[PDB]
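J.: Right, I'll just put the structure down here and ask away after.
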Ligand SMILES: *[C@@H]1O[C@H](CO)[C@@H](O[C@@H]2O[C@H](CO)[C@@H](O[C@@H]3O[C@H](CO[C@H]4O[C@H](CO)[C@@H](O)[C@H](O[C@H]5O[C@H](CO)[C@@H](O)[C@H](O)[C@@H]5O)[C@@H]4O)[C@@H](O)[C@H](O[C@H]4O[C@H](CO[C@H]5O[C@H](CO)[C@@H](O)[C@H](O)[C@@H]5O)[C@@H](O)[C@H](O)[C@@H]4O)[C@@H]3O)[C@H](O)[C@H]2NC(C)=O)[C@H](O)[C@H]1NC(C)=O
Ligand SMILES: *[C@@H]1O[C@H](CO)[C@@H](O[C@@H]2O[C@H](CO)[C@@H](O[C@@H]3O[C@H](CO[C@H]4O[C@H](CO[C@H]5O[C@H](CO)[C@@H](O)[C@H](O)[C@@H]5O)[C@@H](O)[C@H](O[C@H]5O[C@H](CO)[C@@H](O)[C@H](O)[C@@H]5O)[C@@H]4O)[C@@H](O)[C@H](O[C@H]4O[C@H](CO)[C@@H](O)[C@H](O)[C@@H]4O)[C@@H]3O)[C@H](O)[C@H]2NC(C)=O)[C@H](O)[C@H]1NC(C)=O
Ligand SMILES: *[C@@H]1O[C@H](CO)[C@@H](O[C@@H]2O[C@H](CO)[C@@H](O[C@@H]3O[C@H](CO[C@H]4O[C@H](CO[C@H]5O[C@H](CO)[C@@H](O)[C@H](O)[C@@H]5O)[C@@H](O)[C@H](O[C@H]5O[C@H](CO[C@H]6O[C@H](CO)[C@@H](O)[C@H](O)[C@@H]6O)[C@@H](O)[C@H](O)[C@@H]5O)[C@@H]4O)[C@@H](O)[C@H](O)[C@@H]3O)[C@H](O)[C@H]2NC(C)=O)[C@H](O)[C@H]1NC(C)=O
Ligand SMILES: *[C@@H]1O[C@H](CO)[C@@H](O[C@@H]2O[C@H](CO)[C@@H](O[C@@H]3O[C@H](CO[C@H]4O[C@H](CO[C@H]5O[C@H](CO)[C@@H](O)[C@H](O)[C@@H]5O)[C@@H](O)[C@H](O)[C@@H]4O)[C@@H](O)[C@H](O[C@H]4O[C@H](CO)[C@@H](O)[C@H](O)[C@@H]4O)[C@@H]3O)[C@H](O)[C@H]2NC(C)=O)[C@H](O)[C@H]1NC(C)=O
Ligand SMILES: *[C@@H]1O[C@H](CO)[C@@H](O[C@@H]2O[C@H](CO)[C@@H](O[C@@H]3O[C@H](CO[C@H]4O[C@H](CO)[C@@H](O)[C@H](O)[C@@H]4O)[C@@H](O)[C@H](O[C@H]4O[C@H](CO)[C@@H](O)[C@H](O)[C@@H]4O)[C@@H]3O)[C@H](O)[C@H]2NC(C)=O)[C@H](O)[C@H]1NC(C)=O
Ligand SMILES: *[C@@H]1O[C@H](CO)[C@@H](O[C@@H]2O[C@H](CO)[C@@H](O[C@@H]3O[C@H](CO[C@H]4O[C@H](CO[C@H]5O[C@H](CO)[C@@H](O)[C@H](O)[C@@H]5O)[C@@H](O)[C@H](O)[C@@H]4O)[C@@H](O)[C@H](O)[C@@H]3O)[C@H](O)[C@H]2NC(C)=O)[C@H](O)[C@H]1NC(C)=O
Ligand SMILES: *[C@@H]1O[C@H](CO)[C@@H](O[C@@H]2O[C@H](CO)[C@@H](O[C@@H]3O[C@H](CO)[C@@H](O)[C@H](O[C@H]4O[C@H](CO)[C@@H](O)[C@H](O)[C@@H]4O)[C@@H]3O)[C@H](O)[C@H]2NC(C)=O)[C@H](O)[C@H]1NC(C)=O
Ligand SMILES: *[C@@H]1O[C@H](CO)[C@@H](O[C@@H]2O[C@H](CO)[C@@H](O[C@@H]3O[C@H](CO[C@H]4O[C@H](CO)[C@@H](O)[C@H](O)[C@@H]4O)[C@@H](O)[C@H](O)[C@@H]3O)[C@H](O)[C@H]2NC(C)=O)[C@H](O)[C@H]1NC(C)=O
Ligand SMILES: *[C@@H]1O[C@H](CO)[C@@H](O[C@@H]2O[C@H](CO)[C@@H](O[C@@H]3O[C@H](CO)[C@@H](O)[C@H](O)[C@@H]3O)[C@H](O)[C@H]2NC(C)=O)[C@H](O)[C@H]1NC(C)=O
Ligand SMILES: *[C@@H]1O[C@H](CO)[C@@H](O)[C@H](O)[C@H]1NC(C)=O
Ligand SMILES: *[C@@H]1O[C@H](CO)[C@@H](O)[C@H](O)[C@H]1NC(C)=O
Ligand SMILES: *[C@@H]1O[C@H](CO)[C@@H](O)[C@H](O)[C@H]1NC(C)=O
Ligand SMILES: *[C@@H]1O[C@H](CO)[C@@H](O)[C@H](O)[C@H]1NC(C)=O
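Protein chains in written order, with PDB author numbering: chain G, 32 to 138, 151 to 185, 187 to 306, 309 to 321, 321A, 322 to 398, 410 to 507; chain B, 520 to 557, 564 to 664; chain B', 520 to 557, 564 to 664; chain D, 1 to 52, 52A, 53 to 72, 72A to 72H, 73 to 82, 82A to 82C, 83 to 100, 100A to 100F, 101 to 217. A prime marks a further copy of an entry chain.
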């Protein structure tokens, strides 16, 4: 029939590929307080108008565990964190023999009054000053106790910059020309599969890099009852993400009144030591509405029912094994790093079909190197004044019940073992694709004969 | 309508619009002219990801737009060719494909020999056709 | 055939193929979409040489392709012009050059006044010709 | 490309009413229309109505638009281009003239020139609007009427007499044997009782060691008895 080929430029077709994305956010820190650790001094401004199209008739398949936007997220934060510590005061002189004592047992003691010998501005002379340090950040050596920083044994140390905000602000991921990000608008989205409701937004929603452990904060929640996502259910080993439908409110506060003591160690450099405490020593705490918590824990076991042995016994235990900083709900707040005992939230068990409020004990660490990074650790200077955080808790992280071969019951204890899963709680619905505008198709049409 | 608005509709509908996809292909509001405007080191991790993304932007646009120029179709968005359609590619009939397959499905149906079509495309429409002036350019 | 396959053959043969050179001019298998895929600092000496080479790639392609657009020859690979050939450029005759000089030799024969030809080229084919619509576009 | 299979054999008293179903697979159930056509005993296949799984606009024939209302749910995607769906059809008040075979068939194309016509057809459903009551069938063996068995191969079968309503098929134990066996059409006695026969084209050799049990699956009666052939024989 003399069918001829004809070309079409701009054909809507795409193939799964992952390119380099970039930052987007509008007016945030600006003049009053800037120098955010994440948004740097400048990010490309987000457009006030968000573009979302409800791609019709399309049923593209998503995958949130094999998605590379979460891995791009991971290596970006690490390189972003290290870039915000590289130009600052290194605390190599802080490795000396430390002679420390308790505080007001009054013969209650979890911090120590440390005296030690340290270089001054002039290299020739030396100076002795006191400083307070939290427990575990220091360890004994061999009448008068003698201590040493826990990191001087291992890797180097560098002080966090004094005027740097560790507050997570929304960072937008958006595609490059010829690319598009596909959004899963399907409310129920068990693990990953063909999503009937797709959109091709140019820019994701407001994603906050909430550095959290075991429990997630300030995240996104779909409208249906709490969602459960696993790369593979029944592989007891793989961890479990949990999206709520309504977030719980947990407020935390450090009652300690830390004074700022700046002592120079050479020129320009100034170490910011904990001063002398004002007021009676009070342990840091977290409040959880016991009423609000009991129902959130219940809706999960209802959704987990249809995914684990139907009707049977589901228990919750305290973390289970591991290290002290990964088995507690670690996070950052105002600049000081909390580690709260989660054993008080994962102890109840329900099966077979003005107000009291739970509180959680928390300890504080000033020496940190996150993401299991053994390269270089950092000292977080004590935040002068009062501390109070008030963030929603939106996500969870669960783990194994060992290796019970079939049998009687199932238990899930928390274990935020990795940091990249935290962003997977925000990126389950997204996936980027490569537009291919070149399509060829036949039609009985040919151009002029000679030319 | 909208960007890829007809991605799921039949091929006859994508034939009808098509520009909305072609328009939003090179430049974006997302790029937004860089600079903070309104510390003095722009070597940050963000500047590296942006610039390498602005490069592949025009690198992928010009790689495809170079193909339109060697086929005599540079000036227009849809041009006809003098390459006959070979039945081994598809057995389906004229109205059977344009109303029942959608483009998304079609790209998977030709992806095997798609490069072979491109080879024959440079020949009949621009290797011979632009040469045919020899006799007709002046006698 | 092949890339530059007729570089040593007569000008009549390079006239016959020509695309193989034009095709492999912008994109390469060598670029191979960067990234390691399959330490976390891409500031290495290699990334600097690659990106500065990808830039001059399209910078040299667009510098020449901009010349084709201002001559009315953008859509095609070989277009005729309305500039008469001036005898001071070469004294040789029609079949004397296309069968005896090869292009490699020819580029050295015009390189002296090659820029002067380019100047006259913008005029007769697009400064006047695109203007001539004034009378013929509508009366 | 995907076998739209119809589940049927449902038949009741005149005026009772019933709903029929058709399970789909192998195509995007979303945007192909699904039609309903029947052929009655007095010939003349009659198209019932078409319905679109998207939006839901339907146009049913005027002869049935007052007593027939058909609806259909959504589909679950399998891949980007296939899915599984199902369609239903409700009818009210019926008589013997409404007896016949019913087909559901996928709309041809996804365009605007012609779609309302079917393309790929269901397996069909036999409806019986008879006032007669349900009766279990009777199984009887097929005698070894002598037939040439040169090469050691001969045909046999099992007979069915006096059954009602709707026809059914004959199978074999554990499947396996489906090619080269020929069961014959049903018969309508003047008494109103149906019957049928089966004849298998496989090597029989000498009766004994081979399997000779014919399997029968049925209707309101269902099945429990599957009889073999009695041994006394000729040649
Ligand atoms: C992806 O999603 C899309 C939805 O976004 C799905 O798209 C649907 O696809 C189906 C496939 O059949 C369409 O179904 C019918 O389309 C018919 C089109 O007919 C037009 O084209 C033919 C030729 O191709 C012309 O002959 C028709 O008439 C012409 O000639 C006449 C003279 O004979 C002239 O008088 C006339 O002016 C014209 O020139 C016509 O142009 C359509 O007829 C049919 O209509 C039925 O449904 C209607 C629903 O609403 C339609 O009509 C109203 C007005 O009544 C309009 O306002 C709406 O915009 C819309 O067009 C209903 O009203 C009628 O009474 C009929 O019952 C069908 O519409 C669907 O139209 C189409 N979707 C939509 C939005 O309507 C797509 O299927 C899906 N995926 C894939 C890949 O399939
Ligand atoms: C999950 O999300 C939640 C919610 O976002 C998040 O919690 C927030 O955490 C951030 C830090 O990470 C908090 O922000 C800090 O707030 C510090 C305390 O001050 C706060 O409250 C002030 C109250 O002001 C009212 O009342 C006063 C009188 O009491 C009155 O004068 C005011 O007009 C007003 O009525 C508020 O003002 C203040 O911030 C604004 O205004 C002050 C001036 O009024 C200005 O100075 C600020 O810059 C700002 O414009 C603030 O909200 C604050 O100290 C801290 O740092 C700033 O101050 C220090 C003090 O020295 C400076 O050194 C530094 O340079 C900064 O300027 C910072 O602003 C925030 O409050 C939390 N929640 C709220 C309520 O939004 C969780 O962290 C997230 N999850 C995680 C992972 O943690
Ligand atoms: C973390 O650790 C750091 C470690 O540094 C802590 O910081 C330290 O905190 C302690 C708190 O006790 C400070 O000690 C203070 O020292 C000042 C200055 O010293 C003058 O007074 C001394 C008085 O003697 C002390 O001890 C006697 C014992 O009974 C007490 O009765 C008395 O009240 C005092 O506490 C003098 O010895 C010293 O000598 C010279 O002046 C004298 C003036 O007259 C004093 O003594 C006479 C008797 O001689 C008394 O009658 C008279 O009332 C007066 O007390 C003179 O007599 C003598 O001959 C000399 O000339 C100084 O004058 C005291 O004023 C405070 O009372 C207290 O003892 C440390 O200074 C401080 N560290 C530093 C940096 O210096 C830190 O607190 C901790 N963390 C916390 C929780 O913050
Ligand atoms: C954690 O610890 C820190 C460090 O102590 C606490 O910070 C201070 O806490 C106190 C108590 O809560 C606050 O309240 C009062 O502030 C008054 C104002 O002082 C500031 O302004 C003065 C201007 O002039 C004022 O004082 C003069 C006398 O000098 C008067 O003539 C005049 O009328 C004004 O009243 C400045 O001169 C001064 O430097 C301050 O900037 C103080 O006057 C008042 O002092 C009383 O209490 C003191 C102990 O706190 C005591 O030593 C004094 O003798 C006096 O009795 C008091 O300080 C402060 O505003 C607050 N800020 C600072 C920087 O000191 C912090 O509150 C605490 N957290 C908790 C849990 O409260
Ligand atoms: C824990 O969770 C509680 C409950 O959600 C939070 O309390 C809510 O906090 C949110 C945000 O912090 C508030 O949410 C939104 O406020 C909007 C403000 O109005 C307009 O202007 C702003 C600024 O330009 C725009 O960003 C915004 O889009 C609006 O144009 C409301 O308008 C929003 O309501 C409706 O429209 C938006 C538009 O897209 C939708 O996205 C919303 O879903 C909604 O349909 C929205 O309300 C909110 O007001 C607070 N209350 C409630 C009950 O939600 C806590 O803040 C939160 N804590 C943290 C830190 O997680
Ligand atoms: C900081 O850096 C210093 C120096 O590098 C580290 O060394 C110790 O520093 C402390 C001071 O903070 C020394 O202790 C002091 O010693 C004074 C005199 O020492 C001399 O005599 C001692 C015995 O005392 C007799 O004589 C004194 C003379 O004043 C009389 O007052 C006494 O009554 C006695 O008669 C000898 O032991 C010593 O070797 C000297 O010969 C003394 O007057 C002070 O009261 C105080 O005791 C200490 O000796 C230094 N060395 C040691 C062994 O630690 C220091 O460790 C660094 N940081 C720390 C951890 O503090
Ligand atoms: C998991 O949760 C269960 C409850 O659902 C919990 O069992 C309870 O533990 C608490 C605390 O250990 C018990 O409360 C104690 O009861 C004894 C008498 O049985 C009292 O003597 C105790 O009083 C002293 O301590 C109190 C603070 O703990 C002080 O306030 C008080 O003044 C006294 O000094 C105290 O009331 C409680 O009896 C049990 N049982 C029940 C049913 O409540 C279990 O421990 C949790 N497990 C974990 C590891 O989380
Ligand atoms: C989210 O929902 C998705 C959609 O249902 C789930 O995808 C399904 O995943 C299962 C398991 O990976 C796929 O295959 C199943 O295979 C079992 C095993 O069949 C074999 O054994 C049984 C007896 O145990 C036997 O009867 C069979 O004959 C086989 O020998 C079958 O029992 C299931 O019926 C089913 O075929 C599904 O095909 C797959 N569905 C599809 C196509 O989407 C997904 O697992 C859910 N979870 C997550 C985290 O995504
Ligand atoms: C977190 O700390 C905050 C205080 O900083 C606690 O917030 C307060 O919670 C009480 C709960 O009863 C609220 O009381 C009631 O609030 C309603 C409105 O929701 C109001 O109509 C009533 O009159 C009454 O005030 C109180 O408002 C609320 N304060 C604010 C402004 O949030 C909070 O409870 C702590 N989290 C936990 C674990 O409870
Ligand atoms: C958690 O449970 C273990 C037993 O599995 C117990 O030994 C331990 O004391 C408990 N507490 C924590 C928070 O480790
Ligand atoms: C306690 O919590 C309940 C549920 O959130 C709330 O209705 C009640 O008002 C709170 N306390 C009182 C007695 O006001
Ligand atoms: C199409 O081209 C292939 C490869 O040259 C050839 O095998 C086939 O016969 C051709 N079909 C026709 C007749 O167009
Ligand atoms: C060619 O152009 C040059 C420069 O204008 C002029 O000197 C020469 O005479 C011209 N030759 C002819 C007649 O084409």
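Virtual Cβ for every residue (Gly too), placed ideally from N, Cα, C.
1. Please confirm if the segment 612-632 of chain B' is in contact with the segment 4-22 of chain D, defined as three or more CB-CB distances below 8 Å between the two stretches.
2. Flag residue 81 of chain G as yes if its beta-carbon sits less than 9 Å from any beta-carbon of chain D, otherwise no.
3. Quick check on residue 33 of chain D: buried or exposed, where buried means 16 or more other Cβ atoms within 10 Å of its Cβ?
4. Can the beta-carbon of residue 149 of chain D be found less than 9 Å from the beta-carbon of residue 168 of chain D?
5. Listed from N- to C-terminal order along the chain, which residues in the segment 637-658 of chain B' have their beta-carbon within a distance smaller than 8 Å of any beta-carbon of chain B?
6. Terminal residues of the continuous alpha helix (DSSP H) containing residue 538 of chain B'?
7. Within its chain, find whatever has a CB closer than 6 Å to the CB of residue 126 of chain G; leave out the 5 residues flanking it on each side and keep chain order.
8. When the cut-off is 9 Å and only beta carbons count, does residue 115 of chain G lie next to chain B'?
9. Distance, Cα to Cα, residue 228 of chain G vs residue 593 of chain B?
10. Using three-state DSSP, classify residue 571 of chain B' as helix, strand or coil.
11. Out of D:139, D:99, D:69, D:147, point me to the one whose CA is closest to residue 170 of chain D's CA.
12. Across the segment 493-507 of chain G and the segment 74-88 of chain G, are there enough close Cβ pairs to call them in contact, namely three or more that are closer than 8 Å?
13. What is the rounded straight-line gap between the Cα of residue 72G of chain D and the Cα of residue 86 of chain G?
14. Counting only beta-carbon separations shorter than 9 Å, does residue 524 of chain B have a partner in chain D?
15. Hey, is residue 43 of chain G close to ligand 2, as in C-beta under 8 Å from one of its heavy atoms?
16. Have a look at G:193, G:415, G:124, G:33 and flag the residue whose alpha-carbon is nearest the alpha-carbon of residue 328 of chain G.
17. Just to confirm, are residue 92 of chain G and residue 237 of chain G a CB contact at a threshold of 9 Å?
18. Between which residues of its own chain and residue 419 of chain G is the CB-CB distance below 6 Å, once the five residues before and five after are set aside?
19. Does the structure place the segment 124-143 of chain D close enough to the segment 180-189 of chain D that three or more beta carbon pairs sit under 8 Å?
20. Between the Cα of residue 28 of chain D and those of B:556, B:566, B:557, B:529, spot the shortest distance and give me the residue it belongs to.
21. Who are the neighbours of residue 72G of chain D on chain G, taking C-beta pairs under 9 Å?
22. In the DSSP output, which residue or residues are listed as bridge partners for residue 209 of chain G?
23. With DSSP as the reference, label residue 659 of chain B' as helix, strand or coil.
24. Rounded C-beta distance between residue 180 of chain G and residue 422 of chain G? I'm assuming under 8 Å.
T.: On the basis of the coordinates in this document:
1. At 8 Å Cβ cutoff, the stretches do not touch.
2. One-based indexing of the first chain puts residue 81 of chain G at position 50. No, because no Cβ of chain D sits closer than 9 Å to the Cβ of residue 81 of chain G.
3. The residue given as residue 33 of chain D occupies position 33 in the fourth chain. Its Cβ being crowded by 16 or more others within 10 Å, residue 33 of chain D is buried.
4. For the purposes of this step, residue 149 of chain D is identified with residue 167 of the fourth chain, where counting begins at 1. For the purposes of this step, residue 168 of chain D is identified with residue 186 of the fourth chain, where counting begins at 1. Against a cut-off of 9 Å, the Cβ pair of residue 168 of chain D and residue 149 of chain D comes out as a contact.
5. Along the segment 637-658 of chain B', there is no position whose C-beta sits under 8 Å from a C-beta of chain B.
6. Within the third chain, the letter at position 19 stands for residue 538 of chain B'. Boundaries of the alpha helix (DSSP H) harbouring residue 538 of chain B': 538-542, taken from the DSSP string.
7. The residue you call residue 126 of chain G lines up with position 95 of the first chain. Cβ neighbours of residue 126 of chain G within its own chain (closer than 6 Å, five residues either side excluded): 196.
8. Stepping through the first chain from its first residue, residue 115 of chain G is reached at position 84. Any Cβ of chain B' closer than 9 Å to the Cβ of residue 115 of chain G would place that residue at the interface, and such an atom is absent.
9. Position 184 of the first chain, counted from the start, is the residue given in the question as residue 228 of chain G. Position 68 of the second chain, counted from the start, is the residue given in the question as residue 593 of chain B. Roughly 34 Å between the two C-alpha positions.
10. Locating residue 571 of chain B' in the third chain gives position 46, where the first residue counts as 1. Three-state result, residue 571 of chain B': helix.
11. By 1-based counting over the fourth chain, the position of residue 170 of chain D is 188. Taking only the C-alpha atoms, the option nearest residue 170 of chain D is D:147.
12. Result no; under three Cβ-Cβ pairs closer than 8 Å.
13. Walking along the fourth chain from the start, residue 72G of chain D turns up at place 80. Walking along the first chain from the start, residue 86 of chain G turns up at place 55. Cα to Cα, the separation comes out at about 13 Å.
14. Taking the second chain and counting its residues from 1, one reaches residue 524 of chain B at position 5. By the rule that beta-carbons nearer than 9 Å mark a contact, residue 524 of chain B does not touch chain D.
15. Reading the first chain from its first residue, position 12 is the one you call residue 43 of chain G. The beta carbon of residue 43 of chain G sits no closer than 8 Å to any heavy atom of ligand 2.
16. Numbered from 1 along the first chain, position 283 holds the residue referred to as residue 328 of chain G. Per the Cα distances, G:415.
17. Counted from its first residue, the first chain places residue 92 of chain G at position 61. Counted from its first residue, the first chain places residue 237 of chain G at position 193. Against a cut-off of 9 Å, the Cβ pair of residue 237 of chain G and residue 92 of chain G comes out as a contact.
18. Looking up residue 419 of chain G in the first chain gives position 363. Residues 384 of the same chain have their beta carbon placed closer than 6 Å to that of residue 419 of chain G, with the five preceding and five following residues left out of the count.
19. The segment 180-189 of chain D and the segment 124-143 of chain D touch, with no fewer than 3 CB-CB distances between them shorter than 8 Å.
20. Taking the fourth chain and counting its residues from 1, the one referred to as residue 28 of chain D is at position 28. Comparing alpha-carbon positions, the option among B:556, B:566, B:557, B:529 lying closest to residue 28 of chain D turns out to be B:529.
21. Taking the fourth chain and counting its residues from 1, one reaches residue 72G of chain D at position 80. Contact of residue 72G of chain D with chain G by beta-carbon distance below 9 Å involves 89, 90, 91, 92, 238.
22. Locating residue 209 of chain G in the first chain gives position 165, where the first residue counts as 1. Answer is G:67.
23. Locating residue 659 of chain B' in the third chain gives position 134, counting from the first residue. Collapsing the DSSP output to three states places residue 659 of chain B' in a helix.
24. Taking the first chain and counting its residues from 1, the one referred to as residue 180 of chain G is at position 137. Taking the first chain and counting its residues from 1, the one referred to as residue 422 of chain G is at position 366. Taking the Cβ atoms as the reference, residue 180 of chain G lies roughly 6 Å from residue 422 of chain G, within the contact range of under 8 Å.
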